[PDB]
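Heads up: the sequence shown runs through residues 161 to 302, 307 to 522, numbered per the authors' numbering.
Written out below as structure tokens is the structure these notes cover.
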Amino acid sequence: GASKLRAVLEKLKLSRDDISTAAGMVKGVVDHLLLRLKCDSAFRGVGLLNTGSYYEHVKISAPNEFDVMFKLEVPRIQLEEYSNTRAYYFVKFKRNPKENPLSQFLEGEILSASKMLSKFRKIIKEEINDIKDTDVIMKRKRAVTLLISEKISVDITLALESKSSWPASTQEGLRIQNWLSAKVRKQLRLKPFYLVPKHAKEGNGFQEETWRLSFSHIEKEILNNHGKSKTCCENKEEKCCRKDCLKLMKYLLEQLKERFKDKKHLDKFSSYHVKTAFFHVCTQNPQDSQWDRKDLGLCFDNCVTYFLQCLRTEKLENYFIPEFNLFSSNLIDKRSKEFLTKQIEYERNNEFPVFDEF
Ligand SMILES: O=C(N[C@H]1CCCC[C@H]1C(=O)O)c1cnn2c(O)cc(-c3ccccc3)nc12
Ligand SMILES: [Zn+2]
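If you want it as structure tokens, here you go:
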């Protein structure tokens, strides 16, 4: 039975125009910040990445919330893996010429995430007061969050771009060979990779000089060209339910996270856990016949089921970094995974009551 699922998808599709209205305000403010950021010597090669739920056509439930990525090309870099994490790294430089534009942010031979982000926040803070066209406020440190016309929030991330070969930790990741082909995997790995400033906490405290790997652009490519067949979702006979299953999984977590926001258990779960689990199910079911539109109910049930297995077994590997486990006991406590398991199972057993705005 896919009736309630198909109902939700139609309701979610009605948010397209509202998201579009808000997006216009954001494109205006962002184009302005990039024009002013490009003036500084350090952030000269800064640009808009254009990755995320929005550009992957999976943006469900929040027109007053946008996430934007700012890429900055860094030329000849050397990476040093932090504490055998496989996902966190220190950014070092190797050549002599020319005079590196980021020299000002070096805290030794290592590029400071804090000094980099401070200048980024400083230029952004300086340019939001100069702009009079719309009312823009910058929200406090908790990378940079704006509030346009007192409604739209914009989360702005800075990401370093490296056209180098992907780190060794990714060597056995992106298992798309039997689904999207090895030909495609070769083409995709030749593309750049990004590093977003994210500190790593070992329990005692922060490492505020590390950068985490990002493949937002590859996730978009894979989601927007997702079939084994090149004509998947181009004709009546070749329509699939891949994206619809991801939209439903994303919405399932958001609704349950909303329902229990005052409880604090589900705070550690994110749409990235859902998306990662989704890509794993795509690897398990490589055929477009396994994703038939008529089988939506059965396909979403495998996604729910796989996600629950990950919660029980405390095992959800990053799709690009196999050795990094997103459901490690050190990241998410067992009681929290058990609460989310309890809730998802109840929902599945009662024809998803949370789909009806709880
Ligand atoms: O939200 C995200 N992730 C959350 C889920 C658990 C771990 C960090 C959490 C957080 O940063 O809040 C997230 C959104 N894109 N993206 C991405 O492109 C890569 C990674 C990633 C994560 C771990 C290891 C290697 C790469 N994460 C993300
Ligand atoms: Zn398709």
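No residue lacks a Cβ here, since even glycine has one placed at the ideal position from N, Cα and C.
Option in the options with minimal Cα separation from residue i
i: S201; options: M276, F488, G391 and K301; result: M276
i: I220; options: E233, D465, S263 and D178; result: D178
i: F433; options: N514, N256, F491 and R457; result: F491
i: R204; options: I316, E269, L324 and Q335; result: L324
i: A346; options: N224, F471, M298 and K392; result: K392
i: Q507; options: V228, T447, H390 and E418; result: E418
i: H437; options: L472, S274, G207 and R300; result: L472
i: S435; options: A182, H381, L174 and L420; result: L420
i: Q451; options: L169, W343, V318 and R406; result: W343
i: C405; options: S278, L387 and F253; result: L387
i: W455; options: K425, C409 and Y470; result: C409
i: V190; options: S175, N244, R166 and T309; result: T309
i: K301; options: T395, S326 and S278; result: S278
i: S175; options: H192, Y214, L194 and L195; result: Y214
i: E515; options: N449, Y470, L416 and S493; result: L416
Residue i: CB within 7 angstroms of a non-hydrogen atom of ligand 2
i: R255; result: no
i: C467; result: no
i: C463; result: no
i: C446; result: no
i: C396; result: yes
i: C404; result: yes
i: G391; result: yes
Integer Cβ distance of residue i from residue j, believed to fall under 8 angstroms
i: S333; j: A222; result: No, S333 and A222 are not in contact; Cβ-Cβ is about 32 angstroms, not under 8 angstroms.
i: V186; j: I312; result: 7 angstroms
i: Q371; j: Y242; result: 6 angstroms
i: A273; j: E422; result: Not confirmed; about 32 angstroms, so no contact.
i: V168; j: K414; result: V168 to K414, Cβ: 11 angstroms. No contact.
i: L165; j: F522; result: Rounded, the Cβ-Cβ distance is 17 angstroms, inconsistent with contact.
i: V228; j: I320; result: 5 angstroms
Same chain, Cβ closer than 8 angstroms to residue i, neighbours up to 5 away in sequence not counted
i: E481; result: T440, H444, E487, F488, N489 and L490
i: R349; result: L338, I340 and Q341
i: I382; result: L338, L352, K355 and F484
i: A182; result: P223, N224, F226, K315 and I316
i: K252; result: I237, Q238, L239, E240, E269, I270 and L271
i: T294; result: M185, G188, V189, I312 and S313
Near ligand 1: residue i beta-carbon under 7 angstroms from a heavy atom
i: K187; result: no
i: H363; result: no
i: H429; result: no
i: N482; result: yes
i: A332; result: no
i: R376; result: yes
i: residue 306; result: Placed between 302 and 307 in the numbering, residue 306 has no coordinates, as the chain goes from one to the other without interruption by modelled residues.
i: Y436; result: yes
i: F488; result: yes
i: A323; result: no
i: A247; result: yes
i: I485; result: yes
Cβ-based neighbour list, residue i, same chain, cut-off 7 angstroms, excluding 5 preceding and 5 following
i: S378; result: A323, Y358, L359 and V360
i: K258; result: none
i: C474; result: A441, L480 and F491
i: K254; result: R236 and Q238
i: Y510; result: none
Cβ-based neighbour list, residue i, same chain, cut-off 6 angstroms, excluding 5 preceding and 5 following
i: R376; result: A247, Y248, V360 and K362
i: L197; result: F203, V206 and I283
i: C467; result: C409, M413 and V445
i: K501; result: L475
Residue i: CB within 7 angstroms of a non-hydrogen atom of ligand 3
i: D520; result: For ligand 3, the structure offers nothing, since it holds only ligand 1 and ligand 2.
Indicate whether the contact test is met: 3 or more Cβ pairs, each with one atom in the stretch 282 to 293 and one in the stretch 228 to 242, closer than 8 angstroms. no
Assess contact between the stretch 459 to 476 and the stretch 353 to 361, defined as three or more Cβ pairs (one per stretch) separated by less than 8 angstroms. Is contact present? no
Is it a yes or a no for the stretch 491 to 510 touching the stretch 419 to 432, going by three-plus beta-carbon pairs under 8 angstroms? yes
For the stretch 384 to 401 against the stretch 258 to 275, do three or more pairs of beta-carbon atoms, one drawn from each stretch, fall closer than 8 angstroms, so that the two count as touching? no
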